[PDB]
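A.B. asks: The file below is coords-v2.cif, mmCIF, C-alpha atoms and all ligand atoms:
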data_run
#
loop_
_atom_site.group_PDB
_atom_site.id
_atom_site.type_symbol
_atom_site.label_atom_id
_atom_site.label_comp_id
_atom_site.auth_asym_id
_atom_site.auth_seq_id
_atom_site.Cartn_x
_atom_site.Cartn_y
_atom_site.Cartn_z
ATOM 1 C CA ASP Y 1 94.031 72.087 120.748
ATOM 2 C CA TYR Y 2 94.987 74.557 117.964
ATOM 3 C CA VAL Y 3 95.066 78.378 117.877
ATOM 4 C CA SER Y 4 94.564 80.350 114.674
ATOM 5 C CA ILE Y 5 96.998 83.009 113.511
ATOM 6 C CA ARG Y 6 96.891 85.474 110.605
ATOM 7 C CA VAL Y 7 99.365 84.731 107.790
ATOM 8 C CA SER Y 8 100.500 88.412 107.559
ATOM 9 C CA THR Y 9 102.356 87.891 110.859
ATOM 10 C CA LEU Y 10 104.809 85.488 109.241
ATOM 11 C CA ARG Y 11 107.381 87.785 107.584
ATOM 12 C CA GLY Y 12 111.116 88.522 107.434
ATOM 13 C CA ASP Y 13 114.206 86.387 107.912
ATOM 14 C CA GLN Y 14 113.932 85.056 111.473
ATOM 15 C CA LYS Y 15 113.606 81.250 111.575
ATOM 16 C CA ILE Y 16 110.401 80.057 113.258
ATOM 17 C CA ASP Y 17 110.526 77.993 116.478
ATOM 18 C CA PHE Y 18 107.115 76.414 115.919
ATOM 19 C CA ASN Y 19 105.109 74.479 113.338
ATOM 20 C CA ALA Y 20 102.186 75.947 111.432
ATOM 21 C CA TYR Y 21 99.191 74.019 110.088
ATOM 22 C CA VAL Y 22 96.644 74.696 107.387
ATOM 23 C CA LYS Y 23 93.174 73.146 107.608
ATOM 24 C CA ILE Y 24 91.930 70.675 104.971
ATOM 25 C CA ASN Y 25 88.569 68.955 105.264
ATOM 26 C CA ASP Y 26 88.608 69.463 109.015
ATOM 27 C CA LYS Y 27 92.126 68.038 109.427
ATOM 28 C CA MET Y 28 95.340 69.939 110.210
ATOM 29 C CA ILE Y 29 98.036 69.550 107.578
ATOM 30 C CA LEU Y 30 101.547 70.529 108.656
ATOM 31 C CA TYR Y 31 102.568 73.246 106.134
ATOM 32 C CA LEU Y 32 105.234 75.375 107.843
ATOM 33 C CA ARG Y 33 108.039 73.525 109.627
ATOM 34 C CA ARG Y 34 110.425 74.654 112.370
ATOM 35 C CA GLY Y 35 113.409 76.660 111.063
ATOM 36 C CA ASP Y 36 111.486 78.143 108.150
ATOM 37 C CA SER Y 37 111.820 81.821 107.156
ATOM 38 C CA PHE Y 38 110.027 84.160 104.761
ATOM 39 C CA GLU Y 39 112.416 86.726 103.301
ATOM 40 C CA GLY Y 40 112.756 87.315 99.565
ATOM 41 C CA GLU Y 41 110.701 85.300 97.106
ATOM 42 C CA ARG Y 42 109.457 83.151 99.981
ATOM 43 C CA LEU Y 43 106.908 85.807 100.918
ATOM 44 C CA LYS Y 44 105.577 85.730 97.343
ATOM 45 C CA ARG Y 45 105.243 81.946 97.199
ATOM 46 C CA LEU Y 46 103.539 82.173 100.581
ATOM 47 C CA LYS Y 47 101.067 84.767 99.344
ATOM 48 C CA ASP Y 48 100.330 82.997 96.052
ATOM 49 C CA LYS Y 49 98.286 80.605 98.199
ATOM 50 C CA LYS Y 50 95.108 82.322 99.432
ATOM 51 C CA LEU Y 51 95.825 81.399 103.032
ATOM 52 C CA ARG Y 52 94.241 83.950 105.316
ATOM 53 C CA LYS Y 53 94.601 81.701 108.342
ATOM 54 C CA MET Y 54 96.936 79.106 109.732
ATOM 55 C CA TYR Y 55 97.066 77.355 113.083
ATOM 56 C CA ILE Y 56 99.521 76.500 115.786
ATOM 57 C CA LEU Y 57 99.479 74.015 118.678
ATOM 58 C CA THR Y 58 98.148 75.733 121.808
ATOM 59 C CA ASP Y 59 101.429 74.729 123.482
ATOM 60 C CA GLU Y 60 103.566 76.449 120.819
ATOM 61 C CA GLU Y 61 101.774 79.808 121.188
ATOM 62 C CA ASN Y 62 104.360 81.494 123.417
ATOM 63 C CA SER Y 63 106.988 80.439 120.903
ATOM 64 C CA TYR Y 64 105.023 82.013 118.018
ATOM 65 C CA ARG Y 65 103.951 85.096 119.957
ATOM 66 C CA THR Y 66 107.465 85.661 121.215
ATOM 67 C CA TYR Y 67 108.546 85.360 117.581
ATOM 68 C CA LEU Y 68 105.978 88.016 116.546
ATOM 69 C CA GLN Y 69 107.054 90.512 119.184
ATOM 70 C CA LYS Y 70 110.771 90.192 118.471
ATOM 71 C CA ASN Y 71 109.881 90.441 114.767
ATOM 72 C CA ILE Y 72 108.078 93.774 114.993
ATOM 73 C CA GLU Y 73 110.454 95.084 117.663
ATOM 74 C CA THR Y 74 113.580 94.692 115.575
ATOM 75 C CA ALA Y 75 111.718 95.807 112.441
ATOM 76 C CA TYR Y 76 110.959 99.272 113.815
ATOM 77 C CA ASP Y 77 114.537 99.565 115.192
ATOM 78 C CA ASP Y 78 116.063 102.156 112.836
ATOM 79 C CA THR Y 79 119.595 101.340 113.988
ATOM 80 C CA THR Y 80 120.166 97.655 113.036
ATOM 81 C CA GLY Y 81 120.554 98.567 109.346
ATOM 82 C CA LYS Y 82 118.875 95.273 108.464
ATOM 83 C CA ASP Y 83 117.648 95.030 104.866
ATOM 84 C CA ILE Y 84 114.801 97.501 104.211
ATOM 85 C CA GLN Y 85 112.681 95.040 102.179
ATOM 86 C CA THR Y 86 112.917 92.741 105.175
ATOM 87 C CA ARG Y 87 111.897 95.372 107.739
ATOM 88 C CA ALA Y 88 109.154 96.459 105.337
ATOM 89 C CA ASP Y 89 107.881 92.871 104.939
ATOM 90 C CA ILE Y 90 107.487 92.583 108.707
ATOM 91 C CA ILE Y 91 105.783 95.927 109.280
ATOM 92 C CA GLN Y 92 103.392 95.887 106.333
ATOM 93 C CA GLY Y 93 102.181 92.445 107.434
ATOM 94 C CA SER Y 94 101.950 93.689 111.012
ATOM 95 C CA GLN Y 95 99.948 96.810 110.038
ATOM 96 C CA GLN Y 96 97.735 94.470 108.022
ATOM 97 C CA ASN Y 97 97.323 92.199 111.116
ATOM 98 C CA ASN Y 98 96.392 95.096 113.442
ATOM 99 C CA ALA Y 99 93.661 96.224 111.067
ATOM 100 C CA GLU Y 100 92.222 92.700 110.994
ATOM 101 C CA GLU Y 101 91.946 92.609 114.770
ATOM 102 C CA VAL Y 102 90.059 95.929 114.873
ATOM 103 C CA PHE Y 103 87.903 94.701 111.994
ATOM 104 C CA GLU Y 104 86.870 91.487 113.824
ATOM 105 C CA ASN Y 105 87.028 93.090 117.290
ATOM 106 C CA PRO Y 106 85.915 96.709 116.755
ATOM 107 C CA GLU Y 107 84.467 97.005 120.272
ATOM 108 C CA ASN Y 108 87.702 95.821 121.846
ATOM 109 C CA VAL Y 109 89.104 99.081 123.169
ATOM 110 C CA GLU Y 110 92.531 97.522 123.600
ATOM 111 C CA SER Y 111 92.937 96.318 120.011
ATOM 112 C CA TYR Y 112 92.103 99.753 118.656
ATOM 113 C CA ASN Y 113 94.729 101.511 120.784
ATOM 114 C CA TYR Y 114 97.322 98.975 119.686
ATOM 115 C CA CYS Y 115 96.598 99.713 116.046
ATOM 116 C CA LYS Y 116 96.420 103.446 116.649
ATOM 117 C CA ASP Y 117 99.714 103.219 118.459
ATOM 118 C CA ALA Y 118 101.163 101.125 115.630
ATOM 119 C CA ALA Y 119 99.928 103.724 113.180
ATOM 120 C CA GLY Y 120 102.230 106.245 114.818
ATOM 121 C CA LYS Y 121 105.120 103.762 114.662
ATOM 122 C CA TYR Y 122 104.465 103.378 110.939
ATOM 123 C CA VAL Y 123 104.529 107.098 110.161
ATOM 124 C CA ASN Y 124 107.874 107.481 111.943
ATOM 125 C CA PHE Y 125 109.006 104.480 109.909
ATOM 126 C CA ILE Y 126 107.895 105.798 106.525
ATOM 127 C CA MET Y 127 109.257 109.333 106.928
ATOM 128 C CA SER Y 128 112.474 108.257 108.626
ATOM 129 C CA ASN Y 129 113.499 105.792 105.861
ATOM 130 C CA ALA Y 130 113.952 106.693 102.167
ATOM 131 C CA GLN Y 131 113.576 103.099 101.032
ATOM 132 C CA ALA Y 132 110.484 102.280 103.131
ATOM 133 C CA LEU Y 133 107.771 103.368 100.700
ATOM 134 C CA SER Y 134 109.179 101.702 97.588
ATOM 135 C CA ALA Y 135 109.809 98.561 99.658
ATOM 136 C CA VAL Y 136 106.322 98.431 101.145
ATOM 137 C CA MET Y 137 105.009 99.053 97.626
ATOM 138 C CA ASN Y 138 106.860 95.942 96.485
ATOM 139 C CA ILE Y 139 104.579 93.714 98.568
ATOM 140 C CA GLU Y 140 101.649 92.976 96.224
ATOM 141 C CA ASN Y 141 98.050 92.551 97.322
ATOM 142 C CA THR Y 142 97.831 89.091 95.695
ATOM 143 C CA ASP Y 143 94.864 88.267 97.951
ATOM 144 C CA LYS Y 144 93.127 91.616 97.149
ATOM 145 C CA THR Y 145 92.208 91.959 100.854
ATOM 146 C CA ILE Y 146 90.824 95.214 102.289
ATOM 147 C CA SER Y 147 93.263 94.890 105.212
ATOM 148 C CA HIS Y 148 96.334 94.910 102.937
ATOM 149 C CA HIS Y 149 94.736 97.523 100.667
ATOM 150 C CA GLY Y 150 94.249 99.649 103.759
ATOM 151 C CA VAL Y 151 97.927 99.363 104.563
ATOM 152 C CA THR Y 152 98.597 100.497 100.989
ATOM 153 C CA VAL Y 153 96.292 103.517 101.170
ATOM 154 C CA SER Y 154 97.732 104.575 104.524
ATOM 155 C CA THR Y 155 101.198 104.372 102.886
ATOM 156 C CA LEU Y 156 100.211 106.592 99.942
ATOM 157 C CA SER Y 157 98.431 108.757 102.476
ATOM 158 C CA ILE Y 158 101.576 109.364 104.547
ATOM 159 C CA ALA Y 159 103.739 110.174 101.532
ATOM 160 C CA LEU Y 160 101.019 112.468 100.208
ATOM 161 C CA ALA Y 161 100.651 114.048 103.654
ATOM 162 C CA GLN Y 162 104.368 114.877 103.530
ATOM 163 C CA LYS Y 163 104.209 116.546 100.098
ATOM 164 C CA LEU Y 164 101.295 118.676 101.385
ATOM 165 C CA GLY Y 165 103.506 119.698 104.301
ATOM 166 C CA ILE Y 166 101.171 118.142 106.852
ATOM 167 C CA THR Y 167 103.354 117.740 109.941
ATOM 168 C CA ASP Y 168 101.227 117.382 113.108
ATOM 169 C CA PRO Y 169 102.094 113.897 114.519
ATOM 170 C CA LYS Y 170 98.658 113.600 116.118
ATOM 171 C CA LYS Y 171 97.338 114.183 112.602
ATOM 172 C CA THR Y 172 99.577 111.950 110.488
ATOM 173 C CA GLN Y 173 98.972 109.342 113.146
ATOM 174 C CA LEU Y 174 95.197 109.771 113.055
ATOM 175 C CA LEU Y 175 95.353 109.945 109.241
ATOM 176 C CA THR Y 176 97.217 106.671 108.892
ATOM 177 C CA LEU Y 177 94.979 104.780 111.377
ATOM 178 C CA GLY Y 178 91.872 105.919 109.542
ATOM 179 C CA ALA Y 179 93.369 104.942 106.194
ATOM 180 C CA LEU Y 180 94.244 101.553 107.637
ATOM 181 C CA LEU Y 181 90.671 100.976 108.852
ATOM 182 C CA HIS Y 182 89.272 102.927 105.975
ATOM 183 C CA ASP Y 183 87.347 100.058 104.419
ATOM 184 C CA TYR Y 184 85.881 98.371 107.503
ATOM 185 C CA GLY Y 185 82.467 98.592 105.834
ATOM 186 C CA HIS Y 186 83.523 96.103 103.196
ATOM 187 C CA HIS Y 187 84.214 93.611 106.007
ATOM 188 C CA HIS Y 188 82.355 90.290 105.637
ATOM 189 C CA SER Y 189 80.661 91.355 102.410
ATOM 190 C CA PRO Y 190 79.386 89.386 99.371
ATOM 191 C CA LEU Y 191 80.817 92.019 97.066
ATOM 192 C CA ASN Y 192 83.756 91.145 94.866
ATOM 193 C CA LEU Y 193 85.912 94.279 94.842
ATOM 194 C CA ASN Y 194 88.273 92.911 92.201
ATOM 195 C CA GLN Y 195 86.347 94.603 89.362
ATOM 196 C CA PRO Y 196 85.937 98.153 87.983
ATOM 197 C CA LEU Y 197 83.041 100.237 89.309
ATOM 198 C CA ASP Y 198 81.931 100.886 85.734
ATOM 199 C CA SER Y 199 81.709 97.185 84.990
ATOM 200 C CA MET Y 200 79.538 96.704 88.053
ATOM 201 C CA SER Y 201 75.988 95.342 88.031
ATOM 202 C CA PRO Y 202 73.438 97.660 89.660
ATOM 203 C CA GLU Y 203 73.171 94.999 92.380
ATOM 204 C CA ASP Y 204 76.889 95.377 93.077
ATOM 205 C CA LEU Y 205 77.204 99.133 92.587
ATOM 206 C CA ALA Y 206 74.386 99.799 95.069
ATOM 207 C CA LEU Y 207 75.999 97.348 97.495
ATOM 208 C CA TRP Y 208 79.267 99.216 97.015
ATOM 209 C CA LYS Y 209 77.725 102.680 97.514
ATOM 210 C CA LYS Y 210 76.454 101.608 100.938
ATOM 211 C CA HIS Y 211 79.834 100.675 102.338
ATOM 212 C CA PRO Y 212 81.119 103.967 103.682
ATOM 213 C CA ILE Y 213 77.782 105.009 105.193
ATOM 214 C CA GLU Y 214 77.349 101.538 106.750
ATOM 215 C CA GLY Y 215 80.958 101.120 107.793
ATOM 216 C CA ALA Y 216 80.712 104.393 109.735
ATOM 217 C CA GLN Y 217 77.326 103.593 111.340
ATOM 218 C CA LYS Y 218 78.998 100.565 112.848
ATOM 219 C CA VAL Y 219 81.655 102.517 114.791
ATOM 220 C CA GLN Y 220 80.516 106.110 115.460
ATOM 221 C CA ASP Y 221 78.852 104.787 118.618
ATOM 222 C CA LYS Y 222 82.002 103.354 120.164
ATOM 223 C CA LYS Y 223 83.599 105.956 122.444
ATOM 224 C CA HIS Y 224 87.150 104.696 121.869
ATOM 225 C CA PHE Y 225 87.030 105.630 118.184
ATOM 226 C CA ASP Y 226 88.617 108.906 117.157
ATOM 227 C CA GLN Y 227 86.386 111.229 115.143
ATOM 228 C CA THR Y 228 88.986 111.769 112.422
ATOM 229 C CA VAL Y 229 88.852 107.967 111.942
ATOM 230 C CA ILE Y 230 85.040 107.751 111.883
ATOM 231 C CA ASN Y 231 85.127 110.570 109.328
ATOM 232 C CA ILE Y 232 87.786 108.932 107.172
ATOM 233 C CA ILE Y 233 85.842 105.609 107.255
ATOM 234 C CA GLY Y 234 82.628 107.421 106.406
ATOM 235 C CA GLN Y 235 83.877 109.939 103.848
ATOM 236 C CA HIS Y 236 86.706 108.378 101.785
ATOM 237 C CA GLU Y 237 84.578 107.677 98.682
ATOM 238 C CA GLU Y 238 83.453 111.281 98.547
ATOM 239 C CA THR Y 239 84.791 113.297 95.598
ATOM 240 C CA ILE Y 240 85.388 117.091 95.407
ATOM 241 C CA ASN Y 241 82.757 117.498 92.683
ATOM 242 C CA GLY Y 242 80.347 115.628 94.950
ATOM 243 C CA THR Y 243 79.973 112.525 92.809
ATOM 244 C CA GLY Y 244 80.786 110.128 95.680
ATOM 245 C CA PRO Y 245 78.135 108.151 97.636
ATOM 246 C CA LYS Y 246 77.050 110.737 100.233
ATOM 247 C CA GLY Y 247 77.584 113.455 97.611
ATOM 248 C CA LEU Y 248 79.805 115.623 99.791
ATOM 249 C CA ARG Y 249 82.027 118.418 98.416
ATOM 250 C CA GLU Y 250 85.420 119.464 99.841
ATOM 251 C CA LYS Y 251 83.764 121.955 102.270
ATOM 252 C CA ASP Y 252 81.719 119.173 103.923
ATOM 253 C CA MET Y 253 84.636 116.831 104.589
ATOM 254 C CA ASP Y 254 87.466 116.149 106.932
ATOM 255 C CA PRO Y 255 90.468 117.598 105.154
ATOM 256 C CA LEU Y 256 92.281 114.383 106.044
ATOM 257 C CA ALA Y 257 89.514 112.365 104.389
ATOM 258 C CA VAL Y 258 89.981 114.254 101.105
ATOM 259 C CA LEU Y 259 93.596 113.278 101.309
ATOM 260 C CA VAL Y 260 92.591 109.623 101.928
ATOM 261 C CA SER Y 261 89.939 109.734 99.216
ATOM 262 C CA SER Y 262 92.711 110.460 96.720
ATOM 263 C CA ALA Y 263 95.215 107.893 97.938
ATOM 264 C CA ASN Y 264 92.378 105.331 97.740
ATOM 265 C CA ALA Y 265 91.346 106.232 94.213
ATOM 266 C CA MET Y 266 94.895 105.342 93.193
ATOM 267 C CA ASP Y 267 95.002 101.871 94.711
ATOM 268 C CA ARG Y 268 91.488 100.832 93.696
ATOM 269 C CA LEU Y 269 92.868 101.353 90.194
ATOM 270 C CA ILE Y 270 96.225 99.637 90.669
ATOM 271 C CA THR Y 271 94.998 96.775 92.832
ATOM 272 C CA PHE Y 272 91.259 96.258 92.215
ATOM 273 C CA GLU Y 273 91.297 97.217 88.519
ATOM 274 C CA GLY Y 274 94.715 96.063 87.356
ATOM 275 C CA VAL Y 275 95.825 99.458 86.061
ATOM 276 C CA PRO Y 276 99.631 99.567 86.008
ATOM 277 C CA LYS Y 277 101.209 101.871 88.628
ATOM 278 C CA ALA Y 278 102.558 104.244 85.998
ATOM 279 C CA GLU Y 279 99.223 104.933 84.311
ATOM 280 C CA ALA Y 280 96.898 105.233 87.305
ATOM 281 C CA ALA Y 281 97.492 108.916 87.906
ATOM 282 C CA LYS Y 282 96.828 109.533 84.227
ATOM 283 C CA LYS Y 283 93.650 107.442 84.197
ATOM 284 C CA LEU Y 284 92.349 109.617 87.013
ATOM 285 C CA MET Y 285 93.333 112.926 85.452
ATOM 286 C CA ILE Y 286 91.296 111.986 82.393
ATOM 287 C CA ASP Y 287 88.587 109.383 83.142
ATOM 288 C CA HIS Y 288 88.039 110.709 86.667
ATOM 289 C CA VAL Y 289 88.271 114.406 85.874
ATOM 290 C CA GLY Y 290 86.940 116.614 88.685
ATOM 291 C CA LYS Y 291 86.851 114.047 91.485
ATOM 292 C CA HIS Y 292 90.163 114.765 93.260
ATOM 293 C CA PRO Y 293 92.459 117.678 94.106
ATOM 294 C CA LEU Y 294 94.653 117.720 90.996
ATOM 295 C CA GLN Y 295 97.457 118.695 93.347
ATOM 296 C CA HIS Y 296 96.875 115.401 95.235
ATOM 297 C CA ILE Y 297 96.779 113.543 91.962
ATOM 298 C CA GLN Y 298 99.995 115.249 90.822
ATOM 299 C CA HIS Y 299 101.853 114.414 94.047
ATOM 300 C CA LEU Y 300 100.772 110.772 93.959
ATOM 301 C CA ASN Y 301 102.056 110.580 90.397
ATOM 302 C CA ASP Y 302 105.445 111.793 91.691
ATOM 303 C CA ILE Y 303 105.453 109.435 94.671
ATOM 304 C CA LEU Y 304 104.868 106.445 92.443
ATOM 305 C CA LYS Y 305 107.915 107.150 90.291
HETATM 306 FE FE FE P 401 86.067 102.115 100.024
HETATM 307 FE FE FE P 402 89.393 101.218 99.440
#
Can the structure from this file be put into structure tokens for me?

C.D. replies:
Amino acid sequence: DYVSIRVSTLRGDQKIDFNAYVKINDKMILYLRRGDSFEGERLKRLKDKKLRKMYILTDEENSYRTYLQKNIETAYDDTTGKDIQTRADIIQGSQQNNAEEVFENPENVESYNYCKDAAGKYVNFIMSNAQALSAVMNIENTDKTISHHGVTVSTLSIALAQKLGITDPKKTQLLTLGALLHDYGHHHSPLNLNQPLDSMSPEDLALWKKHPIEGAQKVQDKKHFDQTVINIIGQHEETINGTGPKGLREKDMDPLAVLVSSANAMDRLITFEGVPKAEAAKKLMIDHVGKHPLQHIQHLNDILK
């Protein structure tokens, strides 16, 4: 009777041609009403509620799904000169959505290639628009979800990739996709990420240390998965002085996973540890001395401001 949708797919200024319900005590409350839109402070109010899921009437699906396609279509369109926060709203939420599919459907070959394909679209979107990054960085991770945090890391990762003069589209594409999915090993996990790793109980820290090794075990076996991606998923907590979980050093890694390992260190601070954007790079230079290419750290410092 009802079909669930992910909230990150409701973005931008197009008025909806369907109603959307949230579930309370097994009943479906009508929350979002026909003609509603989500541009501006609307998206914040919408995210202040920890709604991961909403629902639509099985006979309003086409309406919704048509809405979603037109949404992403026109958002990638570089021509329409539509507001950049607006386009960024739509695409960030869409990248976030694609990563959730793969996370819940990692064996689904077709989901993967959609995400991978979208990854490419995102790169071309980030490079080809000056505003993009600062606009995508406006959308907070209020929920603190690994899917949104993975969109954030991929974003830092692209900008970083550009500073380092990494240009191969197959590579920025594969880099982004693997940053997006980078935390799949946290998926369905008891661990509360919203704390600092120093303030972690040994029961948490040891549960945290397992996540790259486990996350990678769960996908190295699926032929449709690129190896760069498996590597990124498996290696992104590794640090150049080998203090990360597997204890790898720069020689042992995917170069692209070093680059992701740095872009992740930044957002764990900003998002999971409440360090203000401006001081994250500094925190790392001092309290995380040795763990990351200082050049990476420097560039990310620039990117932020
Ligand atoms: Fe991680
Ligand atoms: Fe992470």

A.B. asks: Using all atoms listed in the file, which of Y:29, Y:200, Y:159, Y:270 sits nearest residue Y:142?

C.D. replies: Y:270

A.B. asks: Distance limit 12 Å, reference ligand FE 401 (chain P), atoms considered: only C-alpha atoms and all ligand atoms. Which residues make the cut? Give them as a PyMOL selection string.

C.D. replies: chain Y and resi 145-147+149-150+153+178-187+191+193+197+205+207-216+232-238+244-245+257+260-269+272

A.B. asks: Here is a test: counting only C-alpha atoms and all ligand atoms, which residue of Y:194, Y:228, Y:295, Y:66 is nearest to ligand FE 402 (chain P)?

C.D. replies: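 Using only C-alpha atoms and all ligand atoms, ligand FE 402 (chain P) sits closest to Y:194.
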
A.B. asks: Quick one: residues within 12 Å of residue Y:48, all atoms listed in the file, excluding same-chain residues fewer than 3 positions away - as a ChimeraX atom specification?

C.D. replies: /Y:7,41-45,51-52,139-144

A.B. asks: Quick one: residues within 8 Å of residue Y:19, only C-alpha atoms counted, chain neighbours fewer than 4 positions away excluded, as a list in words?

C.D. replies: residues 30, 31, 32, 33, 34, 56, 57 and 60 of chain Y

A.B. asks: For residue Y:229, which residue out of Y:173, Y:157, Y:241, Y:4 is the nearest one, using all atoms listed in the file?

C.D. replies: Y:173

A.B. asks: Go through Y:151, Y:256, Y:126, Y:286 one by one, measure the shortest atom-to-atom distance of each to ligand FE 402 (chain P) using only C-alpha atoms and all ligand atoms, and give the residue with the smallest value.

C.D. replies: Y:151

A.B. asks: With a distance cut-off of 8 Å and all atoms listed in the file, select the neighbouring residues of stretch 87-96 of chain Y, excluding the residue or stretch itself and same-chain residues fewer than 4 positions from it, and output the selection as a PyMOL selection string.

C.D. replies: chain Y and resi 8-12+39+71-72+75-76+82-83+100+115+118-119+122+132+135-136+139+147-148+150-151+180
